[PDB]
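Okay, here's what each chain looks like letter by letter:
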There are 2 protein chains.
Amino acid sequence: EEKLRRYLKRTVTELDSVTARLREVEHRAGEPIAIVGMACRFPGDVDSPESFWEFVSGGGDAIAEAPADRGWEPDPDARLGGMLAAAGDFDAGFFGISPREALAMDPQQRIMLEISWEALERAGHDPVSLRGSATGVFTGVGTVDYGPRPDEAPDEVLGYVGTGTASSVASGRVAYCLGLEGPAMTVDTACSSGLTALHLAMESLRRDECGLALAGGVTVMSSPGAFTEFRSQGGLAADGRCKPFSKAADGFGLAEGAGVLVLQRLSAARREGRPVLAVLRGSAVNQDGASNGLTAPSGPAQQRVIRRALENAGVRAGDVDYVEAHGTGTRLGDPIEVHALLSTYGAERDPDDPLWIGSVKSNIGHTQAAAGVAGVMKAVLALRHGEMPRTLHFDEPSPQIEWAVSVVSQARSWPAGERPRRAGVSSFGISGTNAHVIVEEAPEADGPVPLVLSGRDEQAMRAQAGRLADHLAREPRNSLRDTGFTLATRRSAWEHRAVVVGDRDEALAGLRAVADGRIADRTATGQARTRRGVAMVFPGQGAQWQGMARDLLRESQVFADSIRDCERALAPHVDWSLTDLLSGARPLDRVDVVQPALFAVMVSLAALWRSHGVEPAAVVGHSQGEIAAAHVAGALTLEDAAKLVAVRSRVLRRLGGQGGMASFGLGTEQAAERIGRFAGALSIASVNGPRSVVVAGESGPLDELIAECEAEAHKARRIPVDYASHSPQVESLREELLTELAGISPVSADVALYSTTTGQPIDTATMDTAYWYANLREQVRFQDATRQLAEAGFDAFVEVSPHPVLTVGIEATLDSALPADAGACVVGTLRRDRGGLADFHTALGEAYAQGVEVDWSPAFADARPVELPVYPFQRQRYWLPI
Amino acid sequence: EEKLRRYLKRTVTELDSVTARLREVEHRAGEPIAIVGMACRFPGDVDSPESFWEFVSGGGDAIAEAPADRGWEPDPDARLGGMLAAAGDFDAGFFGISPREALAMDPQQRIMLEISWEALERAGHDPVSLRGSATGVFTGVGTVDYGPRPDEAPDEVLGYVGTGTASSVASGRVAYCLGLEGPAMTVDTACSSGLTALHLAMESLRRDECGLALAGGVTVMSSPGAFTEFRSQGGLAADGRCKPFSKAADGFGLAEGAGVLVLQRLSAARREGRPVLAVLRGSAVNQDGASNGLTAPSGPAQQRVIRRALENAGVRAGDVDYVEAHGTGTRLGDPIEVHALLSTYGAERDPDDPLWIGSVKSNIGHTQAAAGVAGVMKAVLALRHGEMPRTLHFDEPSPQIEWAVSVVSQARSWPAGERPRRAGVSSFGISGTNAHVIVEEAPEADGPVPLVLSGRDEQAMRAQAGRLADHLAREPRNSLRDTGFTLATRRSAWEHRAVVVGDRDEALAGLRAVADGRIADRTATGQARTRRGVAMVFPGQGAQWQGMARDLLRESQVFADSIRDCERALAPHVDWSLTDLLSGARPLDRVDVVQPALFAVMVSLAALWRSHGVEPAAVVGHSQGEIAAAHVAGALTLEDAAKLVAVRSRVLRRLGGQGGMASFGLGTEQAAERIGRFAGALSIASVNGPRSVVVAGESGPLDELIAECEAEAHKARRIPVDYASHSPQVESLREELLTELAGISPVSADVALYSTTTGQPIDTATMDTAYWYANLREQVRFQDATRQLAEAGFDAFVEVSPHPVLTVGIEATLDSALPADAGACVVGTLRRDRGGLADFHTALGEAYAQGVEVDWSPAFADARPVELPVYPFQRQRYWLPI
Ligand SMILES: [Cl-]
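Residues numbered from 1 in each chain as written, not as in the entry; some residues may be left out. Chains lettered and ligands numbered in written order. Heavy atoms only, no water. Residues with missing side-chain atoms left out of burial classes, pairs and counts.

Method of structure determination, per the deposited record: X-ray crystallography was used for this entry, reaching 2.73 Å resolution.

Right under this line is the structure:
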């Protein structure tokens, strides 16, 4: 029996895998598609969705004279229509395109690139992240009229003539530049092209040809062909203006434009937390077929497509509150359109609550292949702003139309009620191919910060900064933390970089300064280069200051836990509290106190760096700093290393009052000759750069040296220290160190370690007690180790200290070694009186600004994304006439 | 308990049925698409699948110097490629296109219209029947380079310049002309437009967007632009010739061409019983994305697109025996394709049995946006003839390719084994968009005659007949009956029509005659007009011959059954078998035998006419003929009409040997004056036409008249008859007639009836015994009734008799009456000694040939469709240079 209950179990589990399977399929097959980003270029200086909505709800009329710049033949009868302010302007370099090829490029190809990039940004992607993805591209292109014919083109531009004007390339070139690998195609269906495209993408996503899709359309009138052809037979308003459904309809008005939508499976966008601007729910495409003429509309067909659309959307006619009509202001067409609406959407109505109707063609003109994409944007923007804008140029309603179904003449309201709101959008093509799609409102959702920003060039970076300032200012509801998070995780990191750190008041001013070419406190600025090989430097004396990370101790957890781990390890070997010591901001005179403290702080600073994704490919230490570098490398346990520095320093107390040390701005030879005269009383303690050396020995013999030097313009800094290491005075302590350092467990390490003691880079199992005596006795030789790393192809040096002290030496050593103005950089961590996170973020910012890979995320826990301005294209005009 | 027992019983049942539904949704979703017809226009004078194959397996090289006639600027280096014989030739009239519009039309549009028609004809449709259907149009168009610009176009062709070159219109114009209502769009993917289109079409079908779809692509190089662009960049073979995969590869060879497929859901085409040529099993489209360069192909993507295509087909790489590689002979591209095939298909084979590879581009060149339609056609054809044709120009295999997977270099053969054979066909776009599709062999399928045919002009009709004769002569496996059926039910009925009746040998000879402008027996030829009103004419004496219907009684059930029904109605009134009378070919001397049989024959012939969908709108009788007419028009039951004619004829025996009748060739008044001298001894019995009358009276006085005419040369024909009806001698009969014709029950009739007794049209309830005596006593006046039908706009007179006796008179009347040469046709039925079904079909033919609606179906019982020649287009050259 029991087996034939567990037999039920798995038999029921098959049966369940299958039912939910069938739903999945069927659900997927009609799944709503989310419009997740947009971007446009319309008449009226429209370059954003924000601008489009301003222009339209504002009741803008864009119709005007055709620009002079195109090299059009003059005409007695001025050419009126909806033109694009800067149709020939393009940032070619951004896209890897030579000036020569950009010149042979159909403006329609160019614009598409720009806006495709913009739209993915607004969708929440760093578009570079999408290279190699299966993203689709579906573009509606009607006419191309840009080039001269191959047969009369300048020889300069001949390679790029065909490819630069071929309709297929409007699609493909987007795929080739953003490295997309889904299907890419250009669709021609005249006016409805734009929706044909959109429909094709929806179906592509529903079948899984891709996860993501770019659906758009473009028309740019490079020549006055259309004017000529329409001024031939009838159709153009003398006004240049579209008066949809009015008494006063003359004919349509020619225009140009471009629009894109990032489309994604609704469920997929929810899972990834992308913003849903609106949902497309179903669409349909048909032909009017046997009409009265090739270019005649046919209402019966228009009706048929409204129904197929609604069948597909799974929506009822009466549920749609508004329609974005074709509405071209034609004498034949407007009536036909309205009658087809009346007997579809209107049949299912009260008089008491009619269908509402508009046309953006009253604002921007007949934008042709883009018209439709133009209509879907208006519809989306209307669903997001709760308002139906004015349809311009409405005399009286047209007396050719037999009027459920009204036109919106004064701007109306459209608020979120019980039902979702939806809109239909239609565009009907001159060649007979009609399209209608159904749009729904989006369904329901829900200290200091480093702001990181980039430009392909220096001016772009500065534009980036200014627009971020404007955005932040005109939008105090936006979290600073989400703004930084988005900037860090969802924007491309270009060559010229800036990092502005601080709270909101500071974040604003830092950005405005970056914009105006100035630098505010805590800003990092640089040019990135690929960096492979982070060497962490670990210095010794001269890196302490009375505060030392009082603030960082409070403001960072990674740092404070590291420290805790230290106070625990040094507990046995030392009798004072690390924390009381740092938190208190207590004096740091004693050797037996300073050195282990510096050890903890520097190890703790290393932990922070690693938590922000910066890992050492090698480590170099300096005197005491080799203990930290040894631990960080992995050659020592914290317990070992802690004991080591605690013991070293306890013993070193024995030399107290018997010598001093001082740094001098000269070379080993210079110093070697000068010092030779005191036979043995002084020794060179370290050589840190071609013109920097420490000398150690008996004070008096030292003072004569310090005195003599200042009297000849030599750098000669007392180190505030009462002993003299790296000198023959250390033979006294040889016994005691070998005695109670014994029991140390060195291990070969993951990371390279370039010994200063030895002079070579080493297997770190070498570092027995015998080694550690030598580190205190023998001369340091940091200059030597620097060169070895330089020569070994390290390009990034991070001086992991509370104050930079070897930084300057290092750069001088790299002047003398690396190919001048090729590469390597040097970067510190904290600085005197500059502890606390913000200043660590500024040190990250410097490393990052020069091309170190940093993981910024730890500075933004939680932190959803947020909508930011778009890349500021550095444009130039390219235009080839006829 | 058995509780759980019951539940395993349930669960299994729902497991099973849930899996049936899931199975059925998933099948539908990706069901095989059938290629059910195809047409084309390729280099080497290829204009049909058959001529394509002949060309290709003959190892044909179409490469040649471009035609001089396109207005191309001559050039020092001659332009070699695959050029379309006559790209400028179009039948504009067939499609209702003006010469002015045709001139400004891109030839890519024109060629598409023609072959879309041809393809539908081959798929076994009358394209006309598809008007208003949901058939979609998907068309690969790359470049369009035809016109001058609207700036510089002759003002003569100006209103048609934009429409004539719009890419979208290649798709749309087809749907406009054929009246198709599916989604119609154009696609630009450069060289893979072809397959892309077919892929979109495959999916539209699978989404039930349409039931049928035309998928194709075109390129016509109207200008030398491409030659110009590629002679700057490198890449063209100096040869003109693609040598795919050979050491000899210089570059590709520009070419042009055009191809369509009629696609349909496989289940549906089986359901509709339609030739499945091959089957599209699966496809894919992708982008090679971040390649080396826009135009550079990329192996990884080529492999990806193959594997996606295979997945969708549900086919293993191992299961595919041939691939139509893109193979354009490019030095860079060829190796990349062969490597990508090697690691997809050639991974899954042991060397022993490799994948075979070819490229038609070696025969016809790189046919650009049509290439790949060209490819799928070669594969479909190869599957059908079981042969892999030779890939030309194969010097040696390329030493740059790293050779599972071999190039077919000598014509291998491909037999239908235990596996279904399949092919892949790839084509790769210069903008980086790739397609691959998978094609499977077609699955398991299993007297004299009237041939009808037509053309929009006379030349087309004759050409149509020539093509039929050839087709019938060359392919004897196609039944004549099936051929007749297809012509009648699957071909449009154009203005100029011919009908040929015969067994096969005589159908050939008649067909060949019509083709030569000659005539044969059982061959009718006409110009059709819509004819509003068939008037059936029923004559009297003269129409009989001794055979009458013996043949037709055996060959026609509709007829034999009607004769059976009469025999039954006459039996009470007459003591001789109608059947034995007609079957035994027995003499018809006596009045009481003739008149009833002639009625029974004439009434059953009417039945035939009606069984082929010819209804009288009006009828006319001539003496006894009125009886038939009255019954046919449904004023008298068969039982009444039978009684009437039996009695009327029996009583008429009383005048035997007392007079006579004879038809004279002269008009009423000419007869009247010539006859009046025998005061009353002769009567004008009937006036039938303006120069034909019948005279009844006392023989003697009648012999004098006849003698007096043969003296002066008048048509003077003795009617082989004992008596003199329609004369005073009929008073003797009045009483007996009225006495036993009483009881007759006439009623108002459905159909009109233009009484020859009265002189008018009538209410047929009128036709009581008083009327019927008048019908015998009175002058007939057929001419007055003829004109009354003319004057009331009947245009089609059918003489429903066994021998045409009134036919010539009617025609002399309608000269007078109707506008001289506005239309009218006068048709007989059978002829003396030409009874028999086939002669009836010939009568039907003369009526069909002139525009009477005939329903031919009854001639073919058990007839299946059969493939036939396509419309012979009547073409002119239209070409606008630059
Ligand atoms: Cl200090």
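**Things to note about the overall build of chain A**
Of regular secondary structure, chain A possesses 28 helices and 30 strands. Taking 882 residues into account, the globule formula puts the C-alpha radius of gyration at 29 Å, and chain A, at 36 Å, lies well above it. In terms of principal-axis extent, the alpha carbons of chain A reach across some 115 × 90 × 45 Å. (Helix = DSSP H or I, 4+ residues; strand = E, 2+ residues; numbered from the N terminus. Rg over C-alpha atoms; globule rule 2.2 N^0.38 Å.)

**Brief notes about the pairing of strand β17 (residues 449-455) of chain B**
Residues and elements named next belong to chain B. Within β17, 7 of the 7 residues are buried, which leaves the element mostly enclosed by the surrounding structure. What you see with β17 is no split at all: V449, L451, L453 and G455 on one side and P450, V452 and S454 on the other are buried throughout. As judged from the 7 bridges shared by β17 and strand β18 (residues 496-502), these two strands associate in the antiparallel manner. Pairing of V449 across the sheet is with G502, part of β18. (Buried < 20%, exposed > 50% of the residue type's maximum accessible area, 1.4 Å probe, protein only. Pairing = 2+ DSSP bridges.)

**With respect to the domain arrangement of chain A**
By a widely used convention, the size of an interface equals the accessible area lost when the partners come together. For chain A, the domain assignment lists domain 1 (1-445), domain 2 (446-533 + 838-882) and domain 3 (534-837). Distance between the C-alpha centres of domain 1 of chain A and domain 3 of chain A: 66 Å. (Domains from an automatic or database assignment.)

**Quick word on the relation of the copies chain A and chain B**
Rotating chain A by 179° and moving it 0.3 Å along the rotation axis overlays it on chain B with an RMSD of 2.3 Å. Look at the turn and shift together and you get a two-fold axis relating the two. Among all residues of chain A, the one whose C-alpha sits closest to the rotation axis is A:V187, at a distance of 2.4 Å. Taken together, the interface assignments show that 90% of the residues at the interface of chain A recur at the interface of chain B, consistent with an identical surface on both copies. (Least-squares fit on C-alpha atoms. Contact = heavy atoms within 4.5 Å.)

**Remarks on unusual backbone geometry**
Residues and elements named next belong to chain A. A positive phi angle is found at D833, which is not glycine, with a value near 60°. Its place among the elements puts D833 in the loop between β29 (825-828) and α28 (836-849). Its relative accessible area of 62% is what places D833 among the exposed residues.

**Observations concerning the sheet that holds strand β19 (residues 523-527) of chain B**
Residues and elements named next belong to chain B. Strand order across the open sheet formed by 3 strands is β17-β18-β19, with antiparallel pairing between neighbours. Two strands lie at the open edges of the sheet, namely β17 and β19, each paired on one side alone. In this sheet, adjacent strand axes meet at a mean angle of 15° when their direction is disregarded. Here helix α16 (residues 504-516) sits on the sheet in contact with β17, β18 and β19, set at roughly 155° to β18. On the sheet, helix α29 (residues 837-848) packs against β17, β18 and β19 and is oriented at approximately 175° with respect to β18. (Axes fitted to C-alpha atoms, helices over the stretch in contact; angles between N-to-C directions.)

**Brief notes about the interface of chain A and chain B**
Counting from both sides, the interface comprises 69 residues of chain A and, opposite them, 65 residues of chain B. Of all the secondary-structure elements, those providing two or more residues to the side of chain A that touches chain B are α1 (3-29), α6 (167-177), β6 (184-188), α7 (193-207), α8 (225-232) and β9 (278-287) of chain A. Examining the composition of the side of chain A that touches chain B, we find that 13 residues originate from one element, α1(A), more than from any other. Residue classes in the side of chain A that touches chain B are distributed as 26 nonpolar, 27 polar and 16 charged. Bridge analysis of β6(A) against strand β6 (residues 184-188) of chain B gives 3 bridges, and the strand direction is antiparallel. Paired with A:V187 across the strands is B:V187, a residue of β6(B). (Nonpolar A, V, L, I, M, F, W, Y, C, P; charged D, E, K, R; others polar.)

**What about the sheet that holds strand β24 (residues 692-697) of chain B?**
Residues and elements named next belong to chain B. Taken in spatial order, the 4 strands make up an open sheet running β23-β24-β22-β25, and their pairing is antiparallel. Since the sheet does not close on itself, it has two edges, and those belong to β23 (682-689) and β25 (716-719), each with one partner. Adjacent strand axes in the sheet meet at a mean angle of 25°, parallel and antiparallel pairs treated alike.

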